[PDB]
Each structure stands twice: as structure tokens, then as C-alpha cells.
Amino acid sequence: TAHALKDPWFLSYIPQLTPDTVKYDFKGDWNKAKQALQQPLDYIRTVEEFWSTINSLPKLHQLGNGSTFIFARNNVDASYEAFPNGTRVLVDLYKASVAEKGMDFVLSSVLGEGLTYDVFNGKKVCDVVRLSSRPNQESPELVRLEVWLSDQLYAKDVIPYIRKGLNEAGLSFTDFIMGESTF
């Protein structure tokens, strides 16, 4: 009937979340801007819900610069403070079209627990996936995906697995760039 995910995931939206907008809100306090700007969207509990939610998301680049979608395992807080020995595997997707093929690969791999059994040996290292509109002068449709890891030790294994998966999803070397930002 309804095919339950290993864990439910909470989907949230932060409109035009830029490092400059946190000046309008409390200077230091991130929690203030978060409580103010963040909108809840969906609670994804099943595979059927996952695909309706994914295949019904508004295009990131068509929402303003800095606009962010957050998928949080068991409704956890997507804050860097929550994962002290953690990191975030970055994927920059240059076109709007490739960002769609890339998001499908990464979200199915994470929420579908592909990463868990292929890279983490059954451990739930990933609890957050973030997607944001990050245009630049050269790339107006630029989208950033972030795969947050509980432990940095797995990043060196997550980067080639995601890269191979993206190349297998039909993305070339120029379609995306792999990155890493520690916590």
C-alpha cells in the first residue's frame, strides 16, 4: 500500500537565505533568522510520498538567490553545531536541467539508503540533504547540493561514489563540480 522509508524525512524551505540577509536578522544568532524565515513543507514517510514531493518541487533558480530546501532525517535540526565531527559534501550543478538529474540521484541515494548500504556498511552517517539556488555572473542557473555527514572520515568515500553516480545518471565532468566544507 504505502512503502515506508527507513526513516521519515522532514522537508523545509528557507526563502532567499543569503549570508547578507542574516544582517536584517540578529547579527550573530542563526536560530533567530531560522525561526523567522524557515517554512515547513512536508513530512515524507514513504517512497510514494518521496516521488510526489520530489517531482513537485519548484525550480530553485526560479526562486531567488539563496533559496534553500532542507531534507532532515527524523525532523532533526539542520545546523552545523548538531554535527561537530561532521562535514558537507558539495555538488555544484551548472544547469537547471542537470540539477534535476543530480537531485534525483542524490535524494534517492540518501532517502532510499543507497549510501547507507553501499558506503556506510549500514550506519546512518547522512541526516541532512540541502539544495540551494546559488547563481553567479557566469552561471545564473547554478544549484548547490549538500550531503551532510555525521563523521568527516566518510567524505573521501562519499565524493567518488556521488561522482560515479552522477556520471552514471548521465552528467559529464563539466556538468558538476565536487566539493567539501567541514564543520
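Each residue number is its position in the shown sequence, starting from 1.
Using the B-factors recorded in the PDB entry, average over the C-alpha atoms of 143-151 and of 55-63, then report which stretch comes out higher.
Per the deposited B-factors, the answer is 55-63.
Stretch with the higher entry mean CA B-factor, where the candidates are 25-33 and 128-136:
25-33 has the higher mean C-alpha B-factor.
In terms of recorded Cα temperature factor, pick the maximum from 18, 167, 174, 12.
Most elevated C-alpha B-factor of the set, per the entry: 18.
For the listed 94, 83, 71, 105, which has the peak Cα B-factor recorded in the PDB entry?
Each of 94, 83, 71, 105 was compared by C-alpha B-factor; the highest is 83.
Sort the modelled residues of this chain by their C-alpha B factor and say whether residue 39 lands in the lowest, middle or highest third.
According to the entry, residue 39 has a C-alpha B-factor in the chain's middle third.
Rank-wise, by C-alpha B-factor, drop residue 178 into the lowest, middle or highest third of its chain.
Bottom third by C-alpha B-factor.
Assigned third (lowest, middle, highest) for the C-alpha B factor of residue 46:
For residue 46, whose C-alpha B-factor we compare with every modelled residue in the chain, the answer is the lowest third.
Mind checking which third residue 2 falls in for C-alpha B-factor across the chain?
According to the entry, residue 2 has a C-alpha B-factor in the chain's highest third.
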